[PDB]
């Protein structure tokens, strides 16, 4: 710390790290970049991969949303208790990111013509996570183990935006449903989900959700 988040005025790839920080009682500076400013072409070229979010831990400057989540999980005790749990949380996060990539393409490239096909293919993309919970204390604890990890925050965030995109996508996934309701109930999480910062912030940058 101190933490600073440089990103567009949307939840997108910054919301999971925001929940994580919040749930851990951490504070951070918010450096919002409007599309207008972005198109000026002054910030983009100074970005490692020419993209946001950009993360600053004071001395360390980072890019790549998942790399940032992993850094936070590792430097905050949210990365499992051993090497086996760490490997599994990664396997989980990788799956979360694959689905997120598809979500983004849909939202920004073919919402109208693709949504119908997306929602229909969604169940087969959620099952792997339902299966992971069943194999872990009947799905009573977390995605991996019994302690909140950076992978949970990413998964939770991914499931929440999908419930918005398709209201009943978790109806056939008991474990995931309760899992979502539970984590959301967590004091600082529930509070984060109701804060104006979050509430007023659009999920995506094109007004689609």
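Residue numbers count along the first chain shown, from 1.
The stretch 108-116 shows the higher mean C-alpha B-factor when 108-116 is compared against 91-99 in the entry. Mean CA B-factor, 27-35 versus 150-158: the higher value falls on 27-35. When the Cα B-factors of 48, 69, 169, 52 are read from the PDB record, 169 comes out highest. Split the chain's modelled residues into thirds by C-alpha temperature factor. Residue 17 is in the lowest one. The PDB entry assigns residue 186 a C-alpha temperature factor belonging to the highest third of its chain's modelled residues. Remark: residue 40 belongs to the highest third of its chain, ranked by C-alpha B-factor as recorded. The entry lists a Cα temperature factor for residue 80 that places it in the middle third of the chain's modelled residues. The PDB entry assigns residue 124 a C-alpha temperature factor belonging to the lowest third of its chain's modelled residues.
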